[PDB]
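Working notes, beginning with the structure itself.
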Amino acid sequence: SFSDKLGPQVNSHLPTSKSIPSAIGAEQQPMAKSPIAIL
Amino acid sequence: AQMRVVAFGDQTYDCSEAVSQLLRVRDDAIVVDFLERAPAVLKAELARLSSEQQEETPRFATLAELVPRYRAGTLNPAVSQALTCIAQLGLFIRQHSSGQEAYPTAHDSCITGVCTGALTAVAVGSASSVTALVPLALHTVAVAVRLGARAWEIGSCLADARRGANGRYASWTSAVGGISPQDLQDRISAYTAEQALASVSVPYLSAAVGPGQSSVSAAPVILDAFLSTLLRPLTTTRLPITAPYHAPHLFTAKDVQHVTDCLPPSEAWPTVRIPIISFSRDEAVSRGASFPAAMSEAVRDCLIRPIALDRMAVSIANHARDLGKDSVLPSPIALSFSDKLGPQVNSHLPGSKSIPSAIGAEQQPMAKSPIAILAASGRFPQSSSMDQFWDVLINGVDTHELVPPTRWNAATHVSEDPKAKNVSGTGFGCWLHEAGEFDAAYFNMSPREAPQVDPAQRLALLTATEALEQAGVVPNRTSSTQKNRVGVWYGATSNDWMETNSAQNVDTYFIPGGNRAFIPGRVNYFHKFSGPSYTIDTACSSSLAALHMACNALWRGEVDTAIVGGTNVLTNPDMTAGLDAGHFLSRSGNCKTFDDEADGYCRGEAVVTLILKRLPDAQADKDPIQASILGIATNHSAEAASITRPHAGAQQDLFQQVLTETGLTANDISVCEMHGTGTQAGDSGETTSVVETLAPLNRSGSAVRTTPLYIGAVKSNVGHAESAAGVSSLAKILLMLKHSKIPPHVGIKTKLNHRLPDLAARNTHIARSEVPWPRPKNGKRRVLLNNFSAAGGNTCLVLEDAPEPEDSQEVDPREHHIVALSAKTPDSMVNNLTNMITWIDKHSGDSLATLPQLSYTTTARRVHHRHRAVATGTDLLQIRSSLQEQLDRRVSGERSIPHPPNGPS
Amino acid sequence: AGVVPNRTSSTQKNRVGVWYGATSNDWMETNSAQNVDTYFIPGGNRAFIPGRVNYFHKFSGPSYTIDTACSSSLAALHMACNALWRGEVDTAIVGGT
Amino acid sequence: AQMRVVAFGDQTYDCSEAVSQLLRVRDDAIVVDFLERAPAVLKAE
Amino acid sequence: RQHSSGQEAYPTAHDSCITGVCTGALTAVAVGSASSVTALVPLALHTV
Amino acid sequence: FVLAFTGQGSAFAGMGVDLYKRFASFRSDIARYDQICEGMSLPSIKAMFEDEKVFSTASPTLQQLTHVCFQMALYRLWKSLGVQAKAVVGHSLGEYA
Amino acid sequence: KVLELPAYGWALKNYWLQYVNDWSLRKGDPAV
Amino acid sequence: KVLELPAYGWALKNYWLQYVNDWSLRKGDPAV
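Protein chains in written order, with PDB author numbering: chain A, 340 to 354, 364 to 387; chain B, 5 to 355, 365 to 918; chain C, 484 to 580; chain D, 5 to 49; chain E, 98 to 145; chain F, 919 to 1015; chain G, 1257 to 1288; chain H, 1257 to 1288.
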């Protein structure tokens, strides 16, 4: 609760990212809970 | 100050068993995830191979289908490479999550690998935790399949497959002993000169193992010729490597570049944090390169560089000393001759039980957990209960008889030679003569409504309620028995009542009383179960098909308790006539399973209902457990010449499918309850599929079985219950386990069928007289049950003895106990009193713990209706005297009255 | 759907199942019942509704008929979706009659 | 030379949305396992 | 999720500390007693 | 099918370029044969399929290897499309392919 | 411990709609 | 790309077993 103010309050006593594409077949979520497509 | 070395092996290690073990895993969530996504990754790269390689690649839905071909030697280099790489990563992952092994660190460990192991080593060395390893591990799988695929391509271009291969992939590598590497290299050069071999086809030194050992590779035809010149004392051991590797004359940097092109370019690629011992390179120790660059170098170790396996030992030791370590603890993963690693590396040098899980977490996931059979009640020919059904089987009774007049008149519906329309050649059957009996008041039916209700729906309500009480199920008593967690499944192929009986005067209850959806519906409605409600029609396999659907629901978690049953009530003469017109039915008698003169099956009537639960829930509620279902599967006989006839090809694939899914082997099964409809084609076809799965024969002719196998068919006793056949067969097994006996088989009237295989040679038997079937000490009896349909579908399950009950329990310090009886009708109240008294006279002096358990059952595990009776005492004798006294008053004319509606104040 | 058996992995014959919803079998009660002949059972029984599909196109996956009265087809669609989600089949044929 | 502090809250924080998000997680294998076994543990106590 | 799906390194005594208020104090014990996400689960379930 | 393998007399410049460009499998075969040749100290044939210009100054050894590589790659292409040969006949250099 | 006790003593009566007049053998024929 | 094309041009014929003589209205009645 009220976490944002924590950062400044603690430092007062004191003086860029990226994800790699998954191997084909692995990016997809498990077959359970996967959308079933009507062809 | 010890340093563990993580060493991965190559193709020489038979990873077949390790793969089988990882597929059996179900307690490690990150492993099962890796094993679901690895085949997806594998299959994805296999689709990018050349047409030649795709044609020589098998089709598979899971890795289980590759194991047999791997063992057989008919698995191409691309898949066997990825499979070894999967087994290595899988074994490493399990060891570091399920095995709770700390992850390696650059301070106290190093990683090494030879050939394929070099790939996995890059992945492990590039991660700092198991969670980070998976995504890299999956990339490594794709690299491995591309590696073997590329070496396979060069091999096929270099040398063609030989004629007597029979699909097996020949060996490109062989180990040589008794000569130094540099001396063997000279003999190679000499052999090359004399044969004038092209530079590409020359044999080459692929690895240096020791001062006298080494490995030489070449095309199989060329390798054989060269090895023929290495005479004793030299040695020759052929290795299982099916493609050229470590060949600077065949592969170049472009080939390496191609294998690693499946690694997308990025800036976030992790670097090698843990030192990798690359003993076959200029720099024995390597670290810091990005994952792709590190992987390319590893691929280069496989295609370009020879294996300097004679430098592996000292290379590891030198790194240990470099960090001031006294010794090394080897941690090999699928490494050939791994035991010798420990001593060999240390030669260069001077030289708590797991904590119990929080309650509820020890249990394995709901998926593929044993499903416990809690209870079963039913009606069978000449049998008003499961106990009377056992009398039919153990006394070898044939219950078939001419159709009774209550169904239809055989004089007008049956003819020796049928010429008139709707007249059949047979009128036989196995009938439920009390199929009309019902308690309309109990289930809130008017006397005008009950006749309109299909006896199938009525007998479903009776059996279902009996099974529920037998299982001690009280709605909303426990978590697993909450009304919204209970589902109902029934198998029914026919609705004769609505076609022949009530149709004679269509009234208001015609649809609800005749429609099959109301068979489970009435059960849902009466007991107030809001879970799913289904009816399955797969013709003669409906009930076992429904059992399959119910088990999937439990495994998926849609329900915690399942009601499964099947019904078959015959009242329409057209169905028998139609079946006879199609030649399904026997015009002589009952099903004569295994008899040389079998001429069809005999229709049978039956209604059965069971109660199921995932084994942990069953044990949480202290429910009774008669047996456990390990697996169940379904396919279809698409490859049959006619739509009706089933075919053995599809049936065997099913039997082996369920054995693999359950992790069992032939010897583990001791009994098979076959479909056995008494057909020469059906009985011989099914028998061949069963023995080839459960009683295979050695190539020499001997029996693979160490213990006998018994096969039998219940239909020889009570006929073919059609939509209720599966559960009828299953009911027989539950009784066989209870009484520890195999009942005699009455289907053989005259002589055994000549189409059958030599059963005695396979240690298979058809019990002619009853046979003891005792449970092994600290063991379980396991069974295969089959149930097929003329529509083509096949269904079978694997069954298992129930678990051993809890030994301890506890002594009830309460001196006085209370026993509760209830009924909805004054007559039913008199009945329950009488039946309870006769029960106490049977179990009077068995044990002292009976009375506390009797109280618990009749009170906590029972519903309590409006008419009530009670008895209290300190022993069973007092309870009887009280109930007897109460019974006397009921017989003297004092009727049972329901308690006031509002209850007490 | 451009489905050719065994063309792709998902269309392998052993990866295709069939589910149908049917509450009634009137034909064998009123029409063919007027002269029961040799094809009476196979032509009237509901299990053969999906069965004929399995047999003609050579699909060896599961074959089921569901009767939940006026909800049969969606009940069958439900069973088929569970099979796909659990990996029992890669292609599912679902219908109602 | 930074030190990250991992601070957990109390009942005053409305974790309803956070729970709803975790129940919709499919891409993390170790999360879904925890969320299947946590209710089992909860239900047991 | 933050330390498996979120690709976040696990805390260590050298560069991190743990704190919790009331209910959070329980969770802090579990995290502080594990060195990886896999090791955290069994402790986490006891904490539940 | 009977497959007839031609002699070197009828080869022309830029032959197979469209095959080389559009069919990846065809390109792979040539690229593989090219690497094998250099492995055996034989001239490089990959340039013949890319440049066209080289056909003018190509040597007999290069013109003969190109012909055979062309036929092996072209045969493998047709076999991959479903053509299975009942027999083969080669004319002069065509016998090798 | 759940014991195997006798089943409920149902108050049974026969509810049946007898098939009569062998009309199934005349399906499709007219009233004659 | 899979295009939506016309369905197979079935060679259709009518296969029917007509319900006749209103016999369903007499279920349970005698021949007469």
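Backbone N, C-alpha and C fix where the C-beta goes; we use that ideal spot for every residue, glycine too.
About 6 angstroms separates the CB atoms of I576 of chain B and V536 of chain B; that is less than 8 angstroms, so the two are in contact. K997 of chain F: member of the alpha helix (DSSP H) spanning 978-998, first to last residue. Contacts with chain F (Cβ-Cβ distance below 9 angstroms) from the segment 138-167 of chain B involve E157, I158, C161, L162, listed in chain order. Within chain D, the residues placing a beta-carbon under 7 angstroms from that of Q376 of chain B are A44, ordered along the chain. The beta carbons of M687 of chain B and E40 of chain D sit no closer together than 9 angstroms.
When rounded, the separation of the alpha-carbon atoms in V703 of chain B and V684 of chain B is 11 angstroms. Between the segment 538-558 of chain B and the segment 512-523 of chain C, the count of Cβ pairs shorter than 8 angstroms is below three; the stretches do not touch. Under the DSSP definition of a beta bridge, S24 of chain D lacks any partner. At least 9 angstroms separates the beta-carbon of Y1275 of chain G from that of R471 of chain B.
Taking a Cβ-Cβ cut-off of 8 angstroms, the neighbours of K366 of chain A in chain B comprise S270, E271, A272, given in sequence order.
With the criterion set as a beta carbon lying under 7 angstroms from some beta carbon of chain D, the members of the segment 100-130 of chain E are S101, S102, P108, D112, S113, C114, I115, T116, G117, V118, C119, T120, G121, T124, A125, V128, in sequence order. Under a 10 Å Cβ-count criterion, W996 of chain F is classified as exposed, with fewer than 16 other Cβ atoms of the shown protein chains found around its own Cβ. Taking the beta carbon of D31 of chain D as reference, the chain A residues within 7 angstroms of it are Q377, listed in sequence order. Distances from the CA of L307 of chain B to each of B:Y538, B:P248, B:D314 were compared; the closest alpha carbon is that of B:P248. Look at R535 of chain C: its C-beta is not under 9 angstroms from any C-beta on chain A.
Collapsing the DSSP output to three states places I656 of chain B in coil. Minimum Cα-Cα distance from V824 of chain B among the listed residues B:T863, B:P816, B:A374 corresponds to B:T863. Scanning its chain for C-beta atoms nearer than 6 angstroms, with the 5 sequence neighbours on each side dropped, one finds around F441 of chain B the residues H413, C615, in chain order.
Counted as a single uninterrupted DSSP element, the beta strand (DSSP E) harbouring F12 of chain D occupies residues 8-12. With respect to the 9 angstroms criterion, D112 of chain B and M7 of chain B are classified as neighbours on the basis of their beta carbons.
For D608 of chain B, DSSP records a beta bridge to B:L765. Annotation: the segment 718-747 of chain B contains the following complete segments of the alpha helix (DSSP H) (minimum length 4 residues), in chain order: 728-731. Here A942 of chain F is exposed. Its C-beta has fewer than 16 other C-beta atoms within 10 Å. When the beta-carbon positions are compared, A1267 of chain G and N844 of chain B come within less than 9 angstroms of each other. Secondary-structure assignment with DSSP links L93 of chain B through no beta bridge to anything. Only those residues of the segment 510-540 of chain B whose C-beta falls short of 7 angstroms from the nearest C-beta of chain H are listed: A516, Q517, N518. By the Cβ neighbour-count rule, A312 of chain B is buried, with 16 or more other Cβ atoms within 10 Å of its own. No Cβ of chain A is located within less than 9 angstroms of the beta carbon of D612 of chain B. Take the alpha-carbon of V427 of chain B and the one of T439 of chain B: they are about 6 angstroms apart.
Using a 10 angstroms sphere on the CB of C119 of chain E, the tally of other CB atoms stays under 16, which defines it as exposed.
No residue range can be given for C266 of chain B, since it is assigned to no beta strand (DSSP E) and is classified by DSSP as neither H nor E.
Between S641 of chain B and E375 of chain B, the gap from beta carbon to beta carbon reaches 9 angstroms or more. Residue environment analysis places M399 of chain B among the buried positions, since at least 16 neighbouring C-beta atoms fall within 10 angstroms of its C-beta. A Cβ of chain A is located within less than 9 angstroms of the beta carbon of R569 of chain C. In this structure, the straight-line span from the alpha carbon of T124 of chain E to that of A131 of chain E is close to 11 angstroms.
Residues of chain C whose Cβ lies closer than 7 angstroms to the Cβ of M687 of chain B do not exist; the shortest such Cβ separation is about 20 angstroms.
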